[PDB]
Structure formats: structure tokens, C-alpha cells
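Here's the structure we're looking at; comments come further down.
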Amino acid sequence: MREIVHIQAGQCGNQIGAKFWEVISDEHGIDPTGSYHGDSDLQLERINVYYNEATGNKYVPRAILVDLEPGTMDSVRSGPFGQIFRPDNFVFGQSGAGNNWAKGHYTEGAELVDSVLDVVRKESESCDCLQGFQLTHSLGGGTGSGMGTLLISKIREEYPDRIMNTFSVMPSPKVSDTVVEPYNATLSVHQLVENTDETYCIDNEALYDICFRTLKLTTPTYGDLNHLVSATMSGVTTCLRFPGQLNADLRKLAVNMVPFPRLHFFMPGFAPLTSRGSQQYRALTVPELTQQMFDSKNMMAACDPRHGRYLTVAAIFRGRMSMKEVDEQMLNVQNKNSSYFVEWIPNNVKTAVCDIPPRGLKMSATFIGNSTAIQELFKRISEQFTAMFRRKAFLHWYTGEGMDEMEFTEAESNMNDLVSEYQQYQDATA
Amino acid sequence: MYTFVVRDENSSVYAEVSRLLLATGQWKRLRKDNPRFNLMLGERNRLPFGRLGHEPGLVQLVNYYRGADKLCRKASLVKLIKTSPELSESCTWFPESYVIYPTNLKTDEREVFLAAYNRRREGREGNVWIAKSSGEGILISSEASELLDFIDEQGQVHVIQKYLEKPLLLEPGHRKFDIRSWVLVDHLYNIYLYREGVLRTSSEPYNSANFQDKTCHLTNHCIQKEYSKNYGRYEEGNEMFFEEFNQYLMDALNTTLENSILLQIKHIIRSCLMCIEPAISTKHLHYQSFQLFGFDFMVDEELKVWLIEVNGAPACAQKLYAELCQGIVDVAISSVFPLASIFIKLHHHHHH
Amino acid sequence: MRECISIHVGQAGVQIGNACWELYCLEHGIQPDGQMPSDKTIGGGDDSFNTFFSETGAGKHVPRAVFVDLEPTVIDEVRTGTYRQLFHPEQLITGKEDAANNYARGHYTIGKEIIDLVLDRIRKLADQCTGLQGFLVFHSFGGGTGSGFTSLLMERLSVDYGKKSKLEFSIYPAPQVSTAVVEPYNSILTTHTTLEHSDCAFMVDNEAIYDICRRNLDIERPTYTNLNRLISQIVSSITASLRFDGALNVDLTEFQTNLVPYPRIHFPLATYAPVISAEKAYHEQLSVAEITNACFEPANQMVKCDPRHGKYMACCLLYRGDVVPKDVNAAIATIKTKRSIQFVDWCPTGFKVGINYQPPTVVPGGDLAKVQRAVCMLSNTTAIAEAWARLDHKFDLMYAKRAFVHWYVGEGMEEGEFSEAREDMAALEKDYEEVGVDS
Amino acid sequence: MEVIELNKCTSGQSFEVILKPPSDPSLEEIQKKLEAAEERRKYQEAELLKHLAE
Ligand SMILES: Nc1nc2c(ncn2[C@@H]2O[C@H](COP(=O)(O)OP(=O)(O)OP(=O)(O)O)[C@@H](O)[C@H]2O)c(=O)[nH]1
Ligand SMILES: Nc1ncnc2c1ncn2[C@@H]1O[C@H](COP(=O)(O)OP(=O)(O)CP(=O)(O)O)[C@@H](O)[C@H]1O
Ligand SMILES: Nc1nc2c(ncn2[C@@H]2O[C@H](COP(=O)(O)OP(=O)(O)O)[C@@H](O)[C@H]2O)c(=O)[nH]1
Ligand SMILES: COc1cc(OC)c(/C=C2/C(=O)Nc3ccccc32)c(OC)c1
Ligand SMILES: [Ca+2]
Ligand SMILES: [Ca+2]
Ligand SMILES: [Ca+2]
Ligand SMILES: [Mg+2]
Ligand SMILES: [Mg+2]
Ligand SMILES: [Mg+2]
């Protein structure tokens, strides 16, 4: 239970993934040339989880970069940390996928997927003990959505007993490339429900609102959104990347977080919320980290946690601080808001600490909630879907690539089922 | 915001306590099965003391004392009084009492019962007895085999106790009564007597030669509201409070309530509770107990007080509900859980 | 002389084993490199410490120990640690992938592939024993390895060594330090499958040890190192009679005979006094009466329950330090007149006492102060059933919704093993309540 | 309160004080249990690989 294999697919998958490797390469003290100049071997003790060791004792991210078009991956090879990536692991067609789930999953993507699986197989064959896979992608376009889920299916086929983990960005009309996004997302959520162990629902809606209402950015870019995403990714992978009490891996996270196999859509939350470049200097005290990280304004999925109940909660606190104070505050939220945690899962809030804070802060806390309020997200996607599907609008773009209306009706149905199960447990009482 | 739960819906007293708690503005009621409570107002039977005091960051407190049933079951009370040295066989304020199991089972005190019985036959003395269980199945008779008949007629263990045949009778009425005192024991084992007690009266002249008609022999509010013709004549609820009883003692007997009765009541209360203290104290425990008790007393013609039973889940009299419950929050609950006297502390250290 | 083998399973079992074996060495005067100057029988012998250590021709004293983890981090830190040289490589057994807090993964999926290797490494130690007594097994209720693999091990130990006695040191799950939400599931599953294979089990509720470390050691937030050094003190007083000259509890059969007259009710409560902070500048040393009296305070128990609302079936007092029988009887006489100590009608009211004159040994740089006398009381009281009631309730809460069940069923377990286990537990709670409560 | 069976030695002493007198499955059944669960595993995995083949 050491190595993880990271795949980033499509425009969004690759921009957020590149930011991920920038951030964590900085945390592990590895420079854009892949060399290491850090001062704590707490930085190298589990560096193998995300990096292979190469000649010169260089460190190469266990990363596969996938796109149906060369635009964004060219820009990754150009960007700050581009040359850290193993060049063979850039796998790209020239087609593009046209924001079209069908081209990603059935036509254009089918042509490229076996090459991707070749690089995957070569990265795994070297793993001393692979724990599984983590994918970054959006569900609104076509490559990341359609091909990304195609990939997840083929990986579960070849490695049915390895953990499948995604960071999947949901679409919002507030941050919207195309009108067919609710179609693509519904089609992928279906896949995700059957085919992943743990999904981080990163709502582009919530990222826009954090940027706008809380960080005071009036015109947010995808860069301001991806700053928040890369902070959350750092936080939720801290337990995996640094030595600790917990000795954390993807499987124990799944076992303790997912009481029911389909209900594995996690709501992430970060504190303190931070604009890029803004050097803010006030110490955050542990009561402040706790209150903020549970605040709905700090969640990356645009749901109201008080409209649901927490099935499970996992938390990481970063920085030099009192673990006594941490236990005190975590107990205090549970005991002061006990209504919002299911009583039929005793002691369902688990907490970890790491000495090393992220770049820029002295203290920080990341939150993973398996909440029933996540249904609000899927309901929103569903309405936007039905609004169009009731008139079969835009459907031709998909039927032209071999798809049948029935497939859409199946996917709509499975998502409405997911919503119903979440509601089941939101009303269940021991 | 302190938090509490409610597992005895039928409880008059703690229904009121729950209402006052919510109206503090700083106490939240949770659902019956939520473990993350400060205060359990618990059930009467099978209260799960095993689960209390294991919630980190929660000081937990409960309104019952594990082990207190030894005092509040008549069989256990007889066993505790005759077995605990600090109480003794040589105990001036409990009626001579024996525990009798029914025939079916065939340890029981029956053959030791009739041995003292027959010396009361031998001695020309009054040998009328009471049998009761823990207006139901009460029989008073001077024939042993009458009751020994009756007790096995019903398949539960009973106690045969001496019947107090010359009781104090209020005039006008020539009629019986018992006294109900309310005692609160807090988490520190402070013993708090409530200033207000009540006399549950009979409204029917006591009659010594017909023991079976029991409206002149049993002062229970139920029996009083049912078979008694004269319910409500002298007192409103067949209840006389302490101002009036004190005044009547002053006018008719030239004593007061404290001197003639209340000293003995305080002696009995603090002896009975200081006895069981080491078996029930939650001093160094991981959860904490208080409990409200109802002690029930009889005064005979000599102004001697006899304990007849301790009640573990007592109802208050309707006039007093407010005051006592306020008190319960003040000293039982608020002492452990502070926010933003109507009791007498029972304490005494005579040196010897 | 009759050798016992210690088996330590999973994280908790292995690290507690580290604590104990370190302690034992210090006590017997064995240095980290295996040499024991005190032993003038170079090459071997049958002293009573030999019950726990064998000897090599070079004078090495090697623990009769097996460590078993399904994953390497912890047993690696044994393989490289202060007692690197103490053990034989062949006694440190490691998997690649652990049980992910899943009872069924440790019992069925990963257990199957390693059970035989462990049994062979165990028999290599048994084949070094002129008269083996049986096994001391250290593990947690909540781990996947500690719960599932331990129970598979216990079944096969019953079949491969059927006449030998088996004793558990079991860590009961505490949310304050607990790693996992499914620890109630694992706890029940393994208690059910290990109940008839275990002769005597000592439960240590991590919550009790944690609060003892806070209240009495002035430790703000205890680590596993604090917890484990205190637990090993307790374990050493429990095992000292197998390792030292004496006549009370001299072999594993005697633990059952003295503490367990009903085979199912084989969970003796352990109380220990005194736990004194080593940083405490001024300490009035406690008397025989004071520490024997501390044995009847719940705050000193390995599991918090209320022995006053139960009955006793056996009570042993193990004193280490300056103690003589006279003072023990004076103390017992006093205590009996101030405390609720009710035995079951069909057992003598009384105490079996053992005294070792060497006071407790504490690890240099530890949290515990040296003391002139200490006592560990082992009492088989029905009050410990409270712990079961706790666990069962948590289990009932989750299982009513079948929460997390799919993780088990997906390892090849069947939903029915859950309700079998839970009904065995219901039986156990009922046995306790009949033995210890009256109508 | 009687003190009985008292033994002494250089290292300690032992004794009893009385305050009041008194008022498995086979190797092959186990390999069968394990192998039954392994085949339940393989069935569930083959159902998964069948659905993926569809
Ligand atoms: N006292 C004590 N408890 C521990 C220790 N390590 C883990 N625990 C407790 O054990 C439970 C988890 O069991 P583990 O021993 O870590 O699990 P395991 O046997 O290694 O099984 P897996 O890792 O799931 O394969 C939790 O309740 C922890 O608090 C320890 O060193 N000392
Ligand atoms: N030894 C005795 N001598 C004389 N009268 C007695 C007596 N024992 C009981 N009584 C009378 O019978 C009445 C009922 O007796 P009992 O003590 O059993 O009440 P109870 O348990 O049914 C309801 P509560 O808990 O409210 O007292 C008493 O109030 C008293 O008037
Ligand atoms: N947060 C975030 N969302 C993005 C980014 N790029 C695209 N999106 C969203 O992703 C969806 C389009 O997916 P995209 O990755 O561009 O298409 P693909 O390359 O074919 O998978 C839309 O919902 C966009 O709002 C990004 O860098 N950050
Ligand atoms: C909050 O971010 C995280 C917090 C985590 O434990 C607190 C973990 C790992 C966890 C682990 O390894 N076992 C667990 C049991 C319950 C909850 C989380 C874990 C984790 O793995 C990715 C991310
Ligand atoms: Ca083509
Ligand atoms: Ca020797
Ligand atoms: Ca056996
Ligand atoms: Mg795009
Ligand atoms: Mg090919
Ligand atoms: Mg482990």
C-alpha cells in the first residue's frame, strides 16, 4: 500500500493536475528539474507514493497525461513544472472531443484509450504495491468526462481490486463552456456511481462563489478556481504523502468513509480561504480553523450541509499546534451540532494532524464530508438535464456518434436513484 | 448550550424540569437515542448506566442513582434494614417486618415470622399485621394464616409488617394520615430535604374493629378519590400542607411540627441514605448521579415517626411542582452545569 | 520449567509486545544485545525466566516471541530498533498489504495466504520447548489484522496444539485514539470466533489507559508510547509469576483455575496502583493499605465499570515491592468493612495473594516514577459486562442499517456471520447478568 | 479470617486469605470455511467481469 498512479484527462483535468504537481512538488521540496533540495526527511519518507526514483536519484511523478487534443498538454510541457513529467506519459490524439461525452467514450476516445492503458500498465508493473488510481477531470466537457470514465471502466477491468479515486469537477452555468454540460455530467455520474470508490465533488459553482463572495475577486479566472482546487487536493492527500500516526491509504479511507457503496461522493472543504498572491499574516487559532472548515462558505461543493446529515467526516489539521486543542474543537462541533451527524454511525468524525503546513500558511485544515446534502448537487444537474431532455434538444450531437435516447434515460434514472438513496439516509433514524 | 435527553415521558416531575430547562435558553433537548448529551433524564426500568460517562468532552449526569432500588423496594428495604449494622435489627423507627415468598418457590422468613407472632398471641398484645407487595393487594388481619393464605394466593414476594394500630388522628375527623417528604441527593451526596411536605389524609373516621374496609385504613390518593364518601371535606385534595398541620399541632397538642415529627424524619432520612452511600456514591465515577426520593411516614398517637416506605420515582403535589423543580435545577443540575434556599441540608457530625 | 510462547498480532499487538519485552529485559537484567551477565548457566538451563527466553551457545537470551503484521512498517521498526539483535529474523513475519480495518479481509482474504507460514515459524519455537504450556496472544479488537487474523490463528492453534492453554491480552476500542469507524464490527466478529479458543483474556480498554495517563501522569494528549509503557507495566505484573520464583499462578493452567470457574466468563478485570508521574518533584510514597484500597477505585481499572453493581467470582492481588502478608491482611480487613464486595454464593469470599519483593521496574526516561510498592488486582467481576453492552450497542446501531457491511461481504464473508456473532454476544451478556444479578 | 497455603522463597511469598466460605472445529472444516468464502469472492468478481464484458 504505497504507490498511487495519477491520471489527468482533458483540458480541466490537465490544468488542475498540473497545479497539483506544482503544489505538492513544492511541499516535497522537489524542483522543476526533478531534483530534491529540502531540509526535512519528513519530505522523503513517503515520496514514493507519488514519485518514482530515477537515475541521478531524480524524482518523476507517477503521472499519465491524457487528452484528445494537443493544446493544453503542449501548454503543460511549457509551464513551470512541465519538464518534471516523464515524456512517454504524454498520450494525446489530435481529434479533440468537442465537449461531447460520446466522442470521449465511444468514438474518438476509443481510438486512444489502449495507448493510455499501455502507459498505465507500464507504470503499475513497476509498483512495489500499487494501492490504486487517482484521476483528475471535469464532467462537463468530452475528453475528461467521456474518455475519463471510459478509462475508469477499463482500469476496473484490468485491476478490479485496486482503489479508484477521482477529483471530478462538476459544471455550473455560472462557469460554463457549453449548454450540453448537464448532459455530459449526468452521463459520467452514472459511471462514477458504479465505478469509483471515492469521488471528490468539486463544484465549479462553489469555486466561483468562494472567489467572488469571500475572496473578493470580481472577475474570477480558471486560475483563481484552480488555486482553490490545488489547495484542496494538497489537503486531502496530506495523510497519504506524509508520515503520521495514521499511516493512511486509499483503502482504509474508503472503508471508513463509504458505509454504502454508491454513496461515495465526498464534499471537500478548506480553511483558511486564500486568494493567490495575498500574503495574509494573522495566525489562525484552532477554534477558527474548525469553525471555518465546517462553514458552508468553505465547502468546494455548492451544498448546504444543514440541509443534510453527515454520514462520515474525515479531517486533517496542518501546522505546529496543540493536538489537545484540536481534539477539543472537533469534539465541540460534534457535541454542539449533534443533530447533523447520523446517530447510527458512532464516532463518525475522524481527525489527523501533520506538522508541515502548506506553502504560505502557518496553520490550515482540510475537510472531507460524506454528506447527504450532496444530493443537492445531483438534483441541480438533474433539473438542468431534464430542462433540455424533455425536448431532446442538442441530442443530435450525441446520436450522430452512435448513442440512443435510451442511454440518456438510463443515466437520468440512475442519478435520480442516487438522489433517492441520499434522501433515504437523510431521514433514517436509529 | 448544555444538552439533555428525556427517556421517561410519564414523569410529572421531570416533564416540568425539562420545560424549565428549555426556557433557560441555554439547554437543548436532543432525541431519545442521541448519545451526545450532558444530562439523561432516564427511564425507570433497565436504565443503561453501563453506557454513561464514555463520551469524551461530555460531562454526563443522570437523574437516578444506580443501586438506589435497595431503598425503594419493600423487600430490599426490609433486607437492608435487618442486614446493615448502621440500621440494625435494633431499629426504633421501622415496623417489625418479615419477607415472605409465595408457595410456588418453597431466603424466606416465614417460620421466623410466626415465632414473634405467637409471642404476641402469648403476650395479649396487639398482633394485627399488614401485608403488601412492591389500593392493590393490601390485606390487614390479626390471623396469620389469613395472610399467609393471601400472599401465596398471589405469586410475588411480599412483606408482612406490623400494622400501627394506634395512629395519630386529626380532629375533627378521628382519621388517619401519612406524611410525604421529598428528598434530593445531588452529585456530591448532599442530602436536601424540601421544606414543603404533604399529609395524605383519610376523610373517614378510623375504625379498629373492621380492618377489611380500607378507606379508613389506607391513605392513598387513588383509594381516597375512589371509594371514600367524604373526599375533600376538611382538606382540598385530602392533602394538608405543613402550615396547617403545624398550626393544628400547636393548637391541639401544644407542640410544633419540627420538634414533634421533623427531627425524627430528618434522622430517618439521613440514616437511610448515609447507609447506602458507599454502595451508590458517584464521587469518583466517570458519570454522576442525583435523584429525587419520596419518603413516606406515619405518626402514631405518641408522636413517634415510623418510616413505611421510600419511593424512587415520586410525583410531587400539584401546588409544589414549580418550587421543587426549580430547586432541582438549581442544586442538582445547575451546580454541575453553570449558567451565564428551599431545602434543608441534612448533615451532622457528633463526635464519639 | 515450562516454556510459554508470546504471539503479537497487528499494530497494537506488536507495539505492546515491544513495550513488554523491553520491560522484561530490564527486569531480568538482559541487555539489548541478548547477553545476561546474571546467568551463570551459559548455554541454557531451566530457570523460571527461561519460560520466556531461550538461550544460545554464545549466551544470547532470545524471546520466545512471534510478531505477525500483515504489513511491514511497524515490525520493520522492530527489525531496526533498539532490540534489533534480540530477535531472530524468522520470528518477525510481515505481509505486503494490510487488512484495511476489515475483519473479513484479515481473516479470509489475507489470512488464508499467510496462516501456514506463521504456524511453521511458531512450530520452530515450539520444537525448542521441552514442555510447552501454551500461548500468550497480544492483539486489538478493532484492527483488521488484530481482529481477523488473530481469530484465524486461534482456531488453528486449537487444532495444532490442542492440549495447551491460550491467553489473550486484548485492546478494546476507544474512539479517542481509534483509527476506524468499524471497530465495533471487528470487535464482535473476533470475540465470537475466539471465545471458545481462549482460556483467559485480559481486556484493556484504551479509554481507561488514556485517562489514567491524563489524570495521573499529567500527559496532555497521550501517545501510543505512553499507553503502551503503562500497559506493559500491567502485563508484567500479570506475567511475573511465570517468570519469577513463587507459588501463585506458576503456570497458565493456574490462571484459568484461579480466575475462571465458568469457561465463557473468562474476562478478568485488572486494576493497578500506583501510577505516579515521574516529573512529580515531591511524592509521599503510598502504603500497602493505600494501594490495596486504590485497587477498588474504578479510575484505576483497565476497563471502567462499577464492580459494586456486580458480583465477584475470583480475586488475586499481585504485589511487587516492599509488602508483607500482615499488612495485606490488615488492609483487606479494613477495606471489607467500607466497600461493596459481594461474591457469588457458590464461591469463597477471599483473596489469593502473591508478593514479589523486587519493586516495579520503570523504563529510564519513561513517564512512570519508581515506587516502593505496587499492586495489580485481577478480579473476575460481572461488572466488566458493561464493556460488552457498550460494544453491542454500537454494533446494533450500525448493523440495523447494514452500514459498512458490504466491505465485509465483498471479502467473501456472509451477512449471517454478523448475526451469529451478535447472538453469541447476546448470550454472553445474558450469562453475565444471570451470574451477577438477582430478581 | 484465615491465612492458608502460605509459601515463602527468596523472591517473595504467596498465600490465600479467606473471609467467608461459599454460602472445537477441525483443520478441514476450517479449510472448507476459508475456501467457501474464497469461492464467494471469485463469483462476485466474475459477475463484475461479466457486466464489464457487456
Ligand atoms: N494501546 C494501543 N492501542 C493501539 C496501538 N496501535 C493501535 N491501537 C488501537 O488498535 C485499534 C486499531 O487496531 P490496529 O492494531 O492498529 O490494526 P491491525 O491489527 O494492525 O489491523 P490492520 O492495520 O487493519 O491491518 C485502534 O483502536 C487503535 O487505537 C498501540 O500501539 N497501543
Ligand atoms: N405498618 C403500617 N401500619 C399502618 N398503616 C400502614 C402501614 N403500612 C402502610 N400503611 C398505610 O397504607 C398505605 C399504603 O401503603 P404503601 O406504603 O404500600 O403505599 P404504596 O407503595 O402502594 C404507594 P406510594 O409509593 O405513593 O407510597 C400507607 O399510606 C399507610 O396509610
Ligand atoms: N475548475 C475548473 N473548471 C474547468 C477548467 N477548465 C474547464 N473547466 C470546466 O470543465 C468543463 C469543460 O471541460 P473541459 O476539460 O474543458 O473539456 P475536455 O477537455 O473535453 O474534457 C466546463 O464545465 C468548464 O467550466 C479549469 O481549469 N478549472
Ligand atoms: C481529510 O483528509 C484525509 C483524512 C484522512 O484521515 C483523517 C485520510 C485517511 C484515512 C485513513 O487512512 N484511515 C481513515 C479512517 C477514517 C477517515 C480517514 C482515514 C485521508 O486519506 C486520503 C484524507
Ligand atoms: Ca480517427
Ligand atoms: Ca541459563
Ligand atoms: Ca482449547
Ligand atoms: Mg474546454
Ligand atoms: Mg494495444
Ligand atoms: Mg496495521
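Residues in the C-alpha cells are named by chain (A, B, ... in the order shown) and by number from 1 within that chain; ligands are numbered from 1 in the order shown.
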Could you give me, as a tab-separated table (two decimals) with C-alpha atoms, in the first residue's frame, the residues within 12 Å of residue 112 of chain B, counting only C-alpha atoms and dropping anything in the same chain fewer than 3 positions from it?
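Writing the result to result38.tsv gives the following:
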```tsv
chain	number	residue	atom	x	y	z
B	96	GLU	CA	-41.20	-5.18	62.67
B	97	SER	CA	-41.13	-6.69	59.19
B	98	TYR	CA	-40.57	-10.08	57.53
B	99	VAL	CA	-40.19	-11.03	53.85
B	100	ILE	CA	-42.44	-13.88	52.69
B	107	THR	CA	-34.23	-16.70	51.81
B	108	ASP	CA	-37.78	-16.63	53.31
B	109	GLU	CA	-38.56	-15.60	56.91
B	115	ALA	CA	-42.38	-17.18	66.09
B	116	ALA	CA	-42.70	-13.50	67.04
B	117	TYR	CA	-46.37	-13.57	66.04
B	118	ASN	CA	-47.17	-16.25	68.62
B	119	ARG	CA	-45.46	-14.35	71.46
B	160	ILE	CA	-45.62	-8.88	56.43
```
Collect all residues with atoms no farther than 7 Å from ligand 6, counting only C-alpha atoms and all ligand atoms, and output them as an mmCIF file with N, CA, C and O atoms, in the first residue's frame.
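Dumped to result18.cif:
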```cif
data_model
loop_
_atom_site.group_PDB
_atom_site.id
_atom_site.type_symbol
_atom_site.label_atom_id
_atom_site.label_comp_id
_atom_site.auth_asym_id
_atom_site.auth_seq_id
_atom_site.Cartn_x
_atom_site.Cartn_y
_atom_site.Cartn_z
ATOM 1 N N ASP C 39 23.287 -14.708 34.323
ATOM 2 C CA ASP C 39 23.054 -16.129 34.063
ATOM 3 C C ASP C 39 24.386 -16.875 34.036
ATOM 4 O O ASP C 39 25.156 -16.755 33.078
ATOM 5 N N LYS C 40 24.650 -17.665 35.079
ATOM 6 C CA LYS C 40 25.883 -18.435 35.141
ATOM 7 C C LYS C 40 25.766 -19.795 34.457
ATOM 8 O O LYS C 40 26.783 -20.479 34.305
ATOM 9 N N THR C 41 24.564 -20.187 34.021
ATOM 10 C CA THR C 41 24.380 -21.399 33.218
ATOM 11 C C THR C 41 24.469 -21.056 31.727
ATOM 12 O O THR C 41 23.487 -21.104 30.980
ATOM 13 N N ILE C 42 25.687 -20.712 31.298
ATOM 14 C CA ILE C 42 25.948 -20.445 29.886
ATOM 15 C C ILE C 42 25.455 -21.606 29.028
ATOM 16 O O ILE C 42 25.798 -22.767 29.272
ATOM 17 N N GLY C 43 24.643 -21.297 28.018
ATOM 18 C CA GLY C 43 24.165 -22.289 27.076
ATOM 19 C C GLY C 43 22.728 -22.736 27.283
ATOM 20 O O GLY C 43 22.114 -23.262 26.341
ATOM 21 N N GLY C 44 22.174 -22.555 28.478
ATOM 22 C CA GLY C 44 20.782 -22.910 28.686
ATOM 23 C C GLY C 44 20.356 -23.032 30.134
ATOM 24 O O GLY C 44 20.761 -22.246 30.991
ATOM 25 N N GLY C 45 19.533 -24.020 30.414
ATOM 26 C CA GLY C 45 19.047 -24.248 31.756
ATOM 27 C C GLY C 45 17.533 -24.156 31.814
ATOM 28 O O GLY C 45 16.844 -23.945 30.812
ATOM 29 N N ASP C 46 17.025 -24.314 33.033
ATOM 30 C CA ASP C 46 15.592 -24.328 33.272
ATOM 31 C C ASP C 46 15.218 -23.431 34.455
ATOM 32 O O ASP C 46 14.338 -23.769 35.253
ATOM 33 N N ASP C 47 15.858 -22.266 34.583
ATOM 34 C CA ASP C 47 15.357 -21.246 35.494
ATOM 35 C C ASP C 47 13.966 -20.772 35.044
ATOM 36 O O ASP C 47 13.477 -21.130 33.965
ATOM 37 N N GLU C 55 18.063 -19.815 25.099
ATOM 38 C CA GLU C 55 19.473 -19.469 25.197
ATOM 39 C C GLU C 55 20.248 -20.057 24.029
ATOM 40 O O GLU C 55 19.950 -21.163 23.563
#
```
As a ChimeraX atom specification, could you give me every residue of chain A near chain C (at most 8 Å apart, counting only C-alpha atoms)? /A:1,129,246,251-252,255-256,258-261,323-324,343-348,350,430
Could you list, as a VMD selection string, all protein and nucleic acid residues with an atom at most 12 Å from ligand 7, counting only C-alpha atoms and all ligand atoms? (chain C and resid 134 to 135 154 to 167 194 to 200 253 256 263 to 264) or (chain D and resid 24 to 25)
Could I get the residue neighbourhood of ligand 5 at 7 Å, counting only C-alpha atoms and all ligand atoms, as a ChimeraX atom specification? /A:95,108,111
For the selection just defined, write its residues with C-alpha atoms to a file, as an mmCIF file, in the first residue's frame.
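Wrote it out as out_33.cif, contents follow:
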```cif
data_model
loop_
_atom_site.group_PDB
_atom_site.id
_atom_site.type_symbol
_atom_site.label_atom_id
_atom_site.label_comp_id
_atom_site.auth_asym_id
_atom_site.auth_seq_id
_atom_site.Cartn_x
_atom_site.Cartn_y
_atom_site.Cartn_z
ATOM 1 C CA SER A 95 -9.069 14.953 -32.881
ATOM 2 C CA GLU A 108 -12.651 9.488 -30.617
ATOM 3 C CA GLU A 111 -9.197 5.109 -30.654
#
```
